[PDB]
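Data block below; observations after.
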C-alpha cells in the first residue's frame, strides 16, 4: 500500500486488469474513472497512482517502446 486512494483503486485492479499485460494507461488507470473520477478531471491521481504503480515497481511495465512494455504486475 502506498497512497490512501488511487493505489487502493488502481493497485486494486493491479490484478483485476481486463486485458493481457497491456493496459497502456487506458486499462488500469481507466478502472478508476468509472464512478466519481475520470483520470481527467483528477488525472493528477491516476498518472500519479499509476505512474507510481507501474513505476514504483508494483505494475513493473517494461519500457521497451510500443512492442515489449506493458505490466506483469510485480516481478
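Cβ atoms come from the backbone with ideal geometry, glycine included; neighbour counts cover every protein chain shown. Every read-out reported here was derived from the displayed coordinates using simple, explicitly stated rules and does not represent laboratory data.
For the stretch 40-58, a residue qualifies if it is part of a loop (DSSP other than H, G, I, E, B) and touching a residue at least 40 places away in the same chain (Cβ under 8 Å), and the qualifying residues are 50, 52, 58.
Quick one: is residue 9 in contact (Cβ under 8 Å) with a residue 24 or more places away in the chain and in a loop (DSSP other than H, G, I, E, B)?
no
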